[PDB]
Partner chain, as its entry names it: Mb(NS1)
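Before any questions on binding or motion, here is one chain by itself as structure tokens, the form deposited without the partner chain.
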């Protein structure tokens, strides 16, 4: 069957794992590869997701997994301005290693259940527009937009 190699990236603590675990095991963790047969738009397929460590110890450790990844979830948290500003560094790294200005990618603003937000939706939407990539807000806690984000990424890969 078609397999989709997806890679979840982002600054420490933004909810890369919570999003992956909500999708795969259907529960929010208040506190690494995953493989799952799913059916998306009638297509039977396997999601092979890499949930990357947050520690900036990489760049040679990062290049290996970015090279095999087909599409990328670039995650920041909406109560975390630094995690948002860090997004540019992740995209420029994916582009460097994949020798492409166009890589299937979705910008995800996670933790949209929280009221104490420091990054506004219009801000991130305008960023995503400049990249030419979709923007989707999620909450791994409420499960809002979780399937949305991953499925939109699969569809971006299908259109590449």
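Numbering follows the first chain given and starts at 1.
**Student:** State which stretch shows the higher mean Cα B factor in the entry: 7-15 or 140-148.
**Tutor:** Between 140-148 and 7-15, it is 140-148 that shows the higher mean C-alpha B-factor.
**Student:** Quick one: say whether 49-57 or 98-106 has the higher mean Cα B-factor in the deposited entry.
**Tutor:** The stretch with the larger average C-alpha B-factor is 49-57.
**Student:** Quick one: which of 67, 111, 35, 91 shows the highest Cα temperature factor in the PDB entry?
**Tutor:** Comparing C-alpha B-factors across 67, 111, 35, 91, the maximum falls on 67.
**Student:** Where does residue 41 sit by CA temperature factor within its chain: lowest, middle or highest third?
**Tutor:** Tercile = lowest for this residue's CA B-factor.
**Student:** Where does residue 160 sit by CA temperature factor within its chain: lowest, middle or highest third?
**Tutor:** It falls in the top third of the chain.
**Student:** Taking the values exactly as deposited, rank residue 116 by C-alpha B-factor within its chain and report the matching third: lowest, middle or highest.
**Tutor:** It belongs to the highest third of the chain when residues are ordered by C-alpha B-factor.
**Student:** Could you place residue 29 in the lowest, middle or highest third of its chain by Cα temperature factor, using the values in the record?
**Tutor:** Highest third.
What comes next is about the form deposited with the partner chain bound, which does not appear here.
**Student:** Is residue 103 close to the partner chain in the entry with it bound, meaning a heavy atom pair under 4.5 Å apart or at it?
**Tutor:** No, residue 103 is distant from the partner.
**Student:** At a 4.5 angstroms cut-off on non-hydrogen atoms, which residues of 107-122 are near the partner chain in the entry with it bound? List them in order.
**Tutor:** Contacting residues: 112, 121, 122.
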